[PDB]
There are 2 protein chains.
Amino acid sequence: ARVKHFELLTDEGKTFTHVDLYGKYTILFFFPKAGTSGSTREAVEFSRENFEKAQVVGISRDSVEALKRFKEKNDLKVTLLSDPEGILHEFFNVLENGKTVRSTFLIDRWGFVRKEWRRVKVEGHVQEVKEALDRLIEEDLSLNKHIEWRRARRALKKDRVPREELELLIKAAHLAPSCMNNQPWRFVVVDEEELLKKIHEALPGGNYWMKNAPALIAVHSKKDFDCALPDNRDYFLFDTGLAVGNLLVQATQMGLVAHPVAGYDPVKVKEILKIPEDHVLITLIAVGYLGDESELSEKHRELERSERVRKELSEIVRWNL
Amino acid sequence: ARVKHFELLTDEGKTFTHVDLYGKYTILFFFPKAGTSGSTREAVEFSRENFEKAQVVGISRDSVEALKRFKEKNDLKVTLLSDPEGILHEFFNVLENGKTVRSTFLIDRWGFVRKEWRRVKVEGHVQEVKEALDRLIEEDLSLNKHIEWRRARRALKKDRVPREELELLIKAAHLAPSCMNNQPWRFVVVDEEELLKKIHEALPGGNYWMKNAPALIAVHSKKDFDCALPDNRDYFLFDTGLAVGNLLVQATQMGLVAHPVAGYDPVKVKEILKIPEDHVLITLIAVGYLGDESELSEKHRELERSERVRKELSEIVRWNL
Ligand SMILES: Cc1cc2nc3c(=O)[nH]c(=O)nc-3n(C[C@H](O)[C@H](O)[C@H](O)COP(=O)(O)O)c2cc1C
Ligand SMILES: Cc1cc2nc3c(=O)[nH]c(=O)nc-3n(C[C@H](O)[C@H](O)[C@H](O)COP(=O)(O)O)c2cc1C
């Protein structure tokens, strides 16, 4: 769970709070009492490592003065928290039979606990924690796996997608932010065969692959549904884009292809789906489980099995001036 | 890894391929030989259990006929694959000195191996696999955690965000899809202090909170950078929204607040950053680690850890007609 708001004094008499957890990874190590052999070893061993993108914080029920002495005598280079009242000891549930059970936690940049060790054995502990931290940082500070995996796949199974799954795609989309929280996005989820077959007639030849999709999501909006600000800053389609971005990530996580297209007759599709004529039908999203690439044109099959194609980063981003 | 393309015959003599793994979760259990005591028990126990949203597939080097008999004798309700040539036995690496090691795999809807058991002990195995599958399905088929956690947070620390982390936000954005792969999005990442101060003067007072951000990302595009199709379907801002949507997910995973705004003077900011006059500056994204909400206005403070505010789903989605 997330670490609650709190305030504790450090070995330096300073106030350490939840805010001091934010923006860093934290190794939080609970020890029973400053000065003992095992706890001295643990603190010294944590102190002598160099943790990439993390801080080390020791915590016990000791007094500030005791912790200060503990640090001074061992030349410790970590923060120590005095928790005489056991506020965090209780929150992390490290007390048993009234005594502290040596325990260690990894906390992320939002303050969420990501890993724990209970009934810690000091021998080998720091190295195990170090290795777990490196793995956690590798996981979080690398490209999101769903963003990376999402492709404009065109091979779709005909198997029906359960409505509860389709609905989750919409729920995720709806959690996008928007100007003034206008939420300008609108969706028509189509999973009725007869309706689908009518929409198929409004598709160009190159979108034959959409005909396998057991579901299509029509995404529409209207300018006055959102902010329209100076210098041509109309937000309705941008914000709807934020929503569809979420939708594709959610689909990819769920093992669904969600492929937004522009290839269709908008007037016909709006007519079929009874979408107001003054709305923009900005995309039609084909949704389905992954199917059989051998049904695709050679061109589409090659796009599908080939690597991502993008401009060099320098063509789309500049740093300062 | 992802499962190779293959075709094998089932106990019914039907062809089963990797396409038959797609769109389902699969428990694939290898056993050395049909009819032995342990393998009989394993198959019987898998068949008796219920696995929601998954299929159970046994596989050995036995003939189709031997598998048919094995199924009939034990009233098995699973698919069995005949693999005399050891095509999947080799791929899954279950052969030790040419002999099959009892092994089981969980494969997701994309065909990725998500969990494995090797040198399997039959007793308790089916239950262990059920629990692991249930957990797998729980995570994949629930709301994406980063989408769920992303909020328009306004308390930002002044702490520098390393360029390697800022680079990753842009990389994730650039992996968005776009009409004709046009990639219409453009970014100026600002982290130089004096440049940030100039931008601050073009912000309205109500966006005071942005002035603590150590980085601002200016997002701009132009209509002719993307598809412009009939019925008022201009794609440049929609597609840029897809990109920013990815950016926000990536930031959230990394423990960064990424908060897109519309409160700024676009002409002033474009001038400061040398963005061409005919571009639309559609958002400024404040990026930073989470800071102290106590520094926010009373209204913003209440919002900082408030519940999500959205329209009811029925207001933004319709099913079919
Ligand atoms: C708004 C939009 C419309 C698209 N329209 C089509 C389409 O009509 N037909 C099609 O085969 N692909 C279409 N695509 C898919 C793109 O061609 C694809 O995203 C792009 O080539 C990049 O490939 P990638 O997403 O796998 O990285 C569309 C994508 C977007 C964002
Ligand atoms: C395009 C856009 C512009 C926004 N502009 C501002 C802004 O100028 N100032 C601000 O305090 N919040 C702004 N927001 C944040 C929204 O108000 C916020 O996303 C909305 O209230 C919903 O909150 P949530 O994202 O936490 O769910 C903007 C959001 C978007 C998508």
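The chains referred to below are lettered A, B, ... by the order of the sequence lines, with proteins before strands, and numbering in each begins at 1. Atoms within each ligand, like the ligands themselves, are counted from 1 in listed order.
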* To do: Report the C-alpha distance between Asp239(B) and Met180(B) in whole Å, list the side-chain angles of each, state the deciding distance to 0.1 Å, and finish with yes or no for side chain to side chain contact (heavy atoms under 4.5 Å, CB included).
  => CA-CA 11 Å; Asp239(B) 282 342; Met180(B) 297 294 293; over 6 Å; no

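Geometrically, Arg233(B) does not engage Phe238(B) in a cation-pi contact defined by less than 6.0 Å to the ring centre and at most 45° from the axis.
Every residue two or more places apart in sequence or in another chain that forms a ring-ring contact (aromatic ring centres under 6.0 Å, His included) with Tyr22(A) is listed here: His18(A).
Defined by atom type and a distance below 3.5 Å, a donor-acceptor pair is missing between the side-chain atoms of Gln253(A) and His146(B).
A ring-centre distance under 6.0 Å is not found for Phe187(A) and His174(A).
Contact residues for ligand 2 (protein heavy atom closer than 4.0 angstrom to any ligand atom): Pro177(A), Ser178(A), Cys179(A), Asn181(A), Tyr235(A), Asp239(A), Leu242(A), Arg150(B), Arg151(B), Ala152(B), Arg154(B), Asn207(B), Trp209(B), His259(B), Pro260(B), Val261(B), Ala262(B), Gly263(B), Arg308(B), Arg310(B).
Judged by distance alone, with hydrogens and angles left aside, the side-chain atoms of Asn182(B) form no donor-acceptor pair with the main-chain N or O of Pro184(B) at under 3.5 Å.
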